[PDB]
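Student: Before I ask anything, let me first share the structure, which is written out below as C-alpha cells.
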Amino acid sequence: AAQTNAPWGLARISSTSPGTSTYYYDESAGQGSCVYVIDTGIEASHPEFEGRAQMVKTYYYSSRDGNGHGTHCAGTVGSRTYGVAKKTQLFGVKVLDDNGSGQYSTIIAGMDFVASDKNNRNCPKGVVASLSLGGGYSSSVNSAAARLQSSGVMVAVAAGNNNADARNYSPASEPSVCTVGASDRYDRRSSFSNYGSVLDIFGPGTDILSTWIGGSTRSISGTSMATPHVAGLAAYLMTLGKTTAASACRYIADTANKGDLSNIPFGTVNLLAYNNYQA
C-alpha cells in the first residue's frame, strides 16, 4: 500500500533514503495487534482513530486527554493518516495528568496494569506498549518496564530530550526494553535527543505531524514522537508474523537502516527504524 503526501516520518520508516513523501506498507497494517499508549490519555473520538482507540485506564479524575501529548503519540502509532500501523487497536492508559506529569508510582502501576490488562484484550498478533515518558534514573521504574517486557509486551520507551546519555534516565536506561532516540528529516540526530549505549534504535522525532485534542492536528518534536514510530512499527511487523514481542526490538535493529544518521556520538548505535517493505 502507498500513502501519498505522508508525514515525513512515515515516509522515512519505509525508505532507504530521506527526502521522500510517500509511505509504503503492507495493507495488513497491524490488524490484530494491540498497542498500549501509556501517556496523558487518548482522544478516542478523534476521526483519525476510526473507532480503533479506547481509554482503558486512568489514575486521575478523568480518562480524557486534556493535554494532547498522548493523543499525538497514539496518532503516530495508529491513526489513519499519521500512523505507522493504521489498523492496530489502540489502548489508552492515562498515567500522566493534563500537565504532562506523573508520579513514578503511578507510572509503575500503569505498566503493571498493561502486563495484566492485555489478558483482557484480543491481540492475536501481539501486544506493544509505547512509553513516551520518563525522568531521572529509578531502578523501580526500570524494573516495572522490564516486567512489562517480560510479560510478553514489546516495550518501546523514549530516550529522553536532554541531549545527554540516556543511562541516567528511566525507563530509558532499562536494558531489556527498546529505547528510542530521535532523528530529523535530514537524517540528523535530533538536537535534543538523548544518546548512549542503552539506545537501541532511532525514529523520526523532529517536526512530527499527528493528531491533537479537539479533533485537530499539529507538529511537535521529541523522543516522545520517535517512540510511537517504533511502537507502531513493532505492531506492524508482529502482524506480518516477522517477529515477536520479545524479539521485535532486536529485529528492528537487525533490519534498520545502518550508518545513515549524522551527529551520532561514538558508542551510540547508528540505526534508523525501517520496515523493509518491498511491494
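Following the order of the C-alpha cells, chains are lettered A, B, ..., residues in each are numbered from 1, and ligands are numbered from 1.
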If you run DSSP on the backbone, which residues of segment 55-213 of chain A are strand (DSSP E), as number ranges by chain?

Tutor: A: 55-58, 89-94, 126-131, 135-136, 153-158, 169-170, 178-183, 201-204, 208-212

Student: With only C-alpha atoms as the counted atoms, please give the residues lying no more than 6 Å from residue 236 of chain A, apart from itself and same-chain residues fewer than 3 positions off, as an NGL selection string.

Tutor: :A and (29-30 or 85 or 233 or 239)

Student: Output C-alpha atoms for every residue in that selection, as a PDB file, in the first residue's frame.

Tutor:
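And here is the file that came out, again24.pdb:
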```pdb
ATOM      1  CA  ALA A  29      -1.329  -2.556   8.715  1.00  0.00           C
ATOM      2  CA  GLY A  30      -1.022  -4.041  12.180  1.00  0.00           C
ATOM      3  CA  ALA A  85       0.115   0.781  11.941  1.00  0.00           C
ATOM      4  CA  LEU A 233       6.483  -0.485  13.540  1.00  0.00           C
ATOM      5  CA  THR A 239       1.054  -8.650  12.475  1.00  0.00           C
TER       6      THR A 239
END
```

Student: Need the shell around residue 62 of chain A: protein/DNA/RNA residues with any atom at most 12 Å away, counting only C-alpha atoms. Skip same-chain ones fewer than 6 positions apart. Format as a PyMOL selection string?

Tutor: chain A and resi 40-43+55-56+93-98

Student: Could those selected residues go to a file with C-alpha atoms, as a PDB file, in the first residue's frame?

Tutor:
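In the end it all went to selection.pdb:
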```
ATOM      1  CA  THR A  40      -1.785  11.630  29.059  1.00  0.00           C
ATOM      2  CA  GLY A  41      -4.691   9.711  27.533  1.00  0.00           C
ATOM      3  CA  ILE A  42      -6.089   9.439  24.016  1.00  0.00           C
ATOM      4  CA  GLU A  43      -8.887  11.447  22.459  1.00  0.00           C
ATOM      5  CA  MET A  55      -9.276   4.509  27.062  1.00  0.00           C
ATOM      6  CA  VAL A  56      -8.873   1.507  29.332  1.00  0.00           C
ATOM      7  CA  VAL A  93      -3.596   4.265  29.872  1.00  0.00           C
ATOM      8  CA  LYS A  94      -3.524   7.688  31.475  1.00  0.00           C
ATOM      9  CA  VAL A  95      -0.585   7.779  33.900  1.00  0.00           C
ATOM     10  CA  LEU A  96       0.218  11.422  33.132  1.00  0.00           C
ATOM     11  CA  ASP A  97      -2.002  14.325  34.205  1.00  0.00           C
ATOM     12  CA  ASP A  98      -3.133  17.049  31.833  1.00  0.00           C
TER      13      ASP A  98
END
```

Student: For the structure I just gave you, how does DSSP split segment 24-220 of chain A - specifically, which residues are alpha helix (DSSP H)? Reply as an MDAnalysis selection string.

Tutor: chainID A and resid 69:78 104:117 139:150

Student: Could you write out the selected residues, including N, CA and C atoms, as a short mmCIF file (atom, residue, chain, number, x, y, z; two decimals), in the first residue's frame?

Tutor:
```
data_model
loop_
_atom_site.label_atom_id
_atom_site.label_comp_id
_atom_site.auth_asym_id
_atom_site.auth_seq_id
_atom_site.Cartn_x
_atom_site.Cartn_y
_atom_site.Cartn_z
N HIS A 69 -0.60 15.49 24.29
CA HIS A 69 0.60 14.68 24.11
C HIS A 69 0.27 13.20 23.82
N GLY A 70 -0.56 12.58 24.65
CA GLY A 70 -0.90 11.18 24.44
C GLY A 70 -1.65 10.94 23.14
N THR A 71 -2.49 11.89 22.76
CA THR A 71 -3.24 11.78 21.52
C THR A 71 -2.31 11.87 20.32
N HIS A 72 -1.31 12.74 20.42
CA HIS A 72 -0.31 12.87 19.37
C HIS A 72 0.47 11.56 19.20
N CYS A 73 0.95 11.00 20.31
CA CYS A 73 1.69 9.74 20.26
C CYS A 73 0.82 8.62 19.70
N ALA A 74 -0.41 8.50 20.20
CA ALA A 74 -1.33 7.48 19.70
C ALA A 74 -1.53 7.62 18.20
N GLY A 75 -1.58 8.87 17.75
CA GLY A 75 -1.79 9.16 16.34
C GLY A 75 -0.64 8.65 15.49
N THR A 76 0.57 8.75 16.02
CA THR A 76 1.76 8.30 15.31
C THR A 76 1.80 6.77 15.29
N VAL A 77 1.31 6.13 16.35
CA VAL A 77 1.22 4.68 16.32
C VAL A 77 0.22 4.18 15.27
N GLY A 78 -0.99 4.74 15.28
CA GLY A 78 -2.07 4.07 14.58
C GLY A 78 -3.21 4.88 14.00
N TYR A 104 6.20 8.60 39.60
CA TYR A 104 6.73 7.30 39.24
C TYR A 104 5.87 6.14 39.77
N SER A 105 5.26 6.29 40.94
CA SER A 105 4.46 5.21 41.49
C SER A 105 3.25 4.93 40.59
N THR A 106 2.71 5.99 40.00
CA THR A 106 1.58 5.88 39.10
C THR A 106 2.01 5.26 37.78
N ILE A 107 3.14 5.72 37.25
CA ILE A 107 3.68 5.18 36.02
C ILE A 107 3.96 3.68 36.17
N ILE A 108 4.47 3.27 37.33
CA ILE A 108 4.76 1.87 37.57
C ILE A 108 3.48 1.05 37.59
N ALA A 109 2.46 1.58 38.27
CA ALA A 109 1.16 0.92 38.30
C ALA A 109 0.60 0.74 36.89
N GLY A 110 0.75 1.77 36.06
CA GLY A 110 0.28 1.71 34.69
C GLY A 110 0.96 0.62 33.88
N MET A 111 2.25 0.43 34.11
CA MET A 111 2.96 -0.62 33.39
C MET A 111 2.51 -1.99 33.85
N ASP A 112 2.34 -2.16 35.16
CA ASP A 112 1.88 -3.44 35.67
C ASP A 112 0.45 -3.68 35.22
N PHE A 113 -0.35 -2.62 35.17
CA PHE A 113 -1.70 -2.70 34.63
C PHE A 113 -1.70 -3.29 33.21
N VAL A 114 -0.83 -2.78 32.34
CA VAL A 114 -0.83 -3.26 30.96
C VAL A 114 -0.41 -4.72 30.88
N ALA A 115 0.56 -5.12 31.69
CA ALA A 115 1.03 -6.50 31.68
C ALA A 115 -0.11 -7.47 31.99
N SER A 116 -1.03 -7.04 32.84
CA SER A 116 -2.19 -7.85 33.16
C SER A 116 -3.34 -7.61 32.18
N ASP A 117 -3.62 -6.34 31.89
CA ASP A 117 -4.79 -6.00 31.10
C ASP A 117 -4.77 -6.61 29.70
N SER A 139 15.55 2.54 39.67
CA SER A 139 15.58 1.10 39.47
C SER A 139 14.16 0.53 39.48
N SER A 140 13.29 1.15 40.27
CA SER A 140 11.91 0.71 40.38
C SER A 140 11.16 0.90 39.06
N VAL A 141 11.37 2.05 38.42
CA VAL A 141 10.75 2.31 37.13
C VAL A 141 11.28 1.35 36.07
N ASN A 142 12.59 1.15 36.07
CA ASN A 142 13.20 0.23 35.12
C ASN A 142 12.68 -1.19 35.29
N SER A 143 12.54 -1.63 36.54
CA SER A 143 12.11 -3.00 36.78
C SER A 143 10.67 -3.19 36.33
N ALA A 144 9.84 -2.16 36.52
CA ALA A 144 8.47 -2.19 36.00
C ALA A 144 8.46 -2.35 34.48
N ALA A 145 9.31 -1.60 33.80
CA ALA A 145 9.41 -1.73 32.35
C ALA A 145 9.93 -3.11 31.97
N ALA A 146 10.87 -3.64 32.75
CA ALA A 146 11.39 -4.97 32.49
C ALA A 146 10.31 -6.04 32.67
N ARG A 147 9.50 -5.90 33.72
CA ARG A 147 8.39 -6.83 33.92
C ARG A 147 7.41 -6.79 32.75
N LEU A 148 7.05 -5.59 32.32
CA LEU A 148 6.10 -5.45 31.23
C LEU A 148 6.61 -6.18 29.98
N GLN A 149 7.86 -5.90 29.63
CA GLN A 149 8.53 -6.61 28.55
C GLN A 149 8.52 -8.12 28.76
N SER A 150 8.95 -8.56 29.94
CA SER A 150 8.99 -9.99 30.26
C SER A 150 7.62 -10.66 30.11
#
```

Student: Pick the closest to residue 60 of chain A from A:22, A:220, A:102, A:267: which is it, counting only C-alpha atoms?

Tutor: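 Looking at the shortest contact to residue 60 of chain A, the residue is A:102.
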
Student: Have a look at atom CA of residue 249 of chain A and atom CA of residue 126 of chain A and let me know their distance in Å, one decimal.

Tutor: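 Result for atom CA of residue 249 of chain A versus atom CA of residue 126 of chain A: 13.6 Å, one decimal.
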
Student: Would you please work out which residue, of A:185, A:158, A:274, A:27, is nearest to residue 240 of chain A when using only C-alpha atoms?

Tutor: A:27

Student: Mind giving me the straight-line distance from atom CA of residue 209 of chain A to atom CA of residue 7 of chain A in Å, one decimal?

Tutor: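 Atom CA of residue 209 of chain A sits 6.2 Å away from atom CA of residue 7 of chain A.
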
Student: So that I can check the surroundings of residue 215 of chain A, please list as a PyMOL selection string every protein, DNA and RNA residue that reaches within 12 Å of it, counting only C-alpha atoms and ignoring chain neighbours fewer than 3 positions away.

Tutor: chain A and resi 42-49+65+68+71-72+75+210-212+218

Student: Could those selected residues go to a file with N, CA and C atoms, as a PDB file, in the first residue's frame?

Tutor:
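Printed below is out_18.pdb as written:
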```
ATOM      1  N   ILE A  42      -5.863   9.358  25.454  1.00  0.00           N
ATOM      2  CA  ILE A  42      -6.089   9.439  24.016  1.00  0.00           C
ATOM      3  C   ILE A  42      -7.464  10.017  23.773  1.00  0.00           C
ATOM      4  N   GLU A  43      -7.569  10.998  22.886  1.00  0.00           N
ATOM      5  CA  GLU A  43      -8.887  11.447  22.459  1.00  0.00           C
ATOM      6  C   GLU A  43      -9.456  10.438  21.473  1.00  0.00           C
ATOM      7  N   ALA A  44     -10.087   9.391  22.000  1.00  0.00           N
ATOM      8  CA  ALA A  44     -10.548   8.278  21.171  1.00  0.00           C
ATOM      9  C   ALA A  44     -11.584   8.702  20.125  1.00  0.00           C
ATOM     10  N   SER A  45     -12.309   9.778  20.406  1.00  0.00           N
ATOM     11  CA  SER A  45     -13.347  10.250  19.497  1.00  0.00           C
ATOM     12  C   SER A  45     -12.796  10.915  18.240  1.00  0.00           C
ATOM     13  N   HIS A  46     -11.482  11.129  18.192  1.00  0.00           N
ATOM     14  CA  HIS A  46     -10.872  11.754  17.021  1.00  0.00           C
ATOM     15  C   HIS A  46     -11.148  10.906  15.782  1.00  0.00           C
ATOM     16  N   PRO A  47     -11.662  11.532  14.707  1.00  0.00           N
ATOM     17  CA  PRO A  47     -11.987  10.791  13.482  1.00  0.00           C
ATOM     18  C   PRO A  47     -10.816   9.972  12.967  1.00  0.00           C
ATOM     19  N   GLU A  48      -9.613  10.460  13.250  1.00  0.00           N
ATOM     20  CA  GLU A  48      -8.405   9.794  12.805  1.00  0.00           C
ATOM     21  C   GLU A  48      -8.230   8.401  13.400  1.00  0.00           C
ATOM     22  N   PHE A  49      -8.904   8.108  14.509  1.00  0.00           N
ATOM     23  CA  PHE A  49      -8.743   6.783  15.114  1.00  0.00           C
ATOM     24  C   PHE A  49      -9.787   5.765  14.643  1.00  0.00           C
ATOM     25  N   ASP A  65      -7.834  12.955  27.508  1.00  0.00           N
ATOM     26  CA  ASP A  65      -6.566  13.624  27.282  1.00  0.00           C
ATOM     27  C   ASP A  65      -6.789  15.128  27.250  1.00  0.00           C
ATOM     28  N   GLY A  68      -3.017  16.626  25.052  1.00  0.00           N
ATOM     29  CA  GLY A  68      -2.734  16.455  23.640  1.00  0.00           C
ATOM     30  C   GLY A  68      -1.570  15.515  23.376  1.00  0.00           C
ATOM     31  N   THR A  71      -2.486  11.894  22.761  1.00  0.00           N
ATOM     32  CA  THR A  71      -3.243  11.780  21.521  1.00  0.00           C
ATOM     33  C   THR A  71      -2.313  11.873  20.320  1.00  0.00           C
ATOM     34  N   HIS A  72      -1.313  12.744  20.416  1.00  0.00           N
ATOM     35  CA  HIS A  72      -0.314  12.866  19.367  1.00  0.00           C
ATOM     36  C   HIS A  72       0.474  11.561  19.204  1.00  0.00           C
ATOM     37  N   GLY A  75      -1.583   8.873  17.749  1.00  0.00           N
ATOM     38  CA  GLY A  75      -1.794   9.163  16.343  1.00  0.00           C
ATOM     39  C   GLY A  75      -0.644   8.651  15.487  1.00  0.00           C
ATOM     40  N   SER A 210       0.883  14.897  13.731  1.00  0.00           N
ATOM     41  CA  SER A 210      -0.022  13.853  14.179  1.00  0.00           C
ATOM     42  C   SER A 210      -1.280  14.461  14.776  1.00  0.00           C
ATOM     43  N   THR A 211      -2.133  13.601  15.311  1.00  0.00           N
ATOM     44  CA  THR A 211      -3.387  14.031  15.911  1.00  0.00           C
ATOM     45  C   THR A 211      -3.192  14.908  17.143  1.00  0.00           C
ATOM     46  N   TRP A 212      -4.191  15.736  17.433  1.00  0.00           N
ATOM     47  CA  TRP A 212      -4.179  16.522  18.660  1.00  0.00           C
ATOM     48  C   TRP A 212      -5.592  16.586  19.200  1.00  0.00           C
ATOM     49  N   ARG A 218      -1.316  18.703  14.900  1.00  0.00           N
ATOM     50  CA  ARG A 218      -0.186  19.624  14.965  1.00  0.00           C
ATOM     51  C   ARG A 218       1.128  18.885  14.861  1.00  0.00           C
TER      52      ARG A 218
END
```

Student: Find the residues around residue 159 of chain A up to 9 Å (only C-alpha atoms counted), leave out those fewer than 6 positions away in its own chain, and share them as a ChimeraX atom specification.

Tutor: /A:132-134,165-167,169-173,179-182,193-195,198-199,223-224,227

Student: Restricting the calculation to only C-alpha atoms: of A:4, A:88, A:197, A:54, which residue gets closest to residue 123 of chain A?

Tutor: A:88

Student: Using only C-alpha atoms, can you tell me which of A:31, A:119, A:130, A:3 comes closest to residue 151 of chain A?

Tutor: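 So, comparing all the options, the nearest one is A:119.
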
Student: I want to know what sits within 12 Å of segment 260-262 of chain A, based on only C-alpha atoms, with residues of the same chain fewer than 2 positions away left out; could you give that as a ChimeraX atom specification?

Tutor: /A:12,15-18,181-191,201-204,256-258,264-266,268-274

Student: Counting only C-alpha atoms, which of A:206, A:161, A:243, A:221 gets nearest to residue 8 of chain A?

Tutor: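 The shortest atom-to-atom distance to residue 8 of chain A comes from A:206.
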
Student: What does the distance between atom CA of residue 82 of chain A and atom CA of residue 276 of chain A come to in Å, to one decimal place?

Tutor: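 Spanning atom CA of residue 82 of chain A to atom CA of residue 276 of chain A is a straight-line distance of 19.0 Å.
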
Student: In terms of the shortest atom-to-atom distance over only C-alpha atoms, which of A:51, A:177, A:222, A:19 is closest to residue 163 of chain A?

Tutor: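 The answer is A:222, which sits nearest to residue 163 of chain A.
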
Student: Please provide the set of residues having any atom within 6 Å of residue 129 of chain A, restricted to only C-alpha atoms, with same-chain residues fewer than 5 positions apart removed, written as a list in words.

Tutor: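 Selected residues are residues 35, 36 and 155 of chain A.
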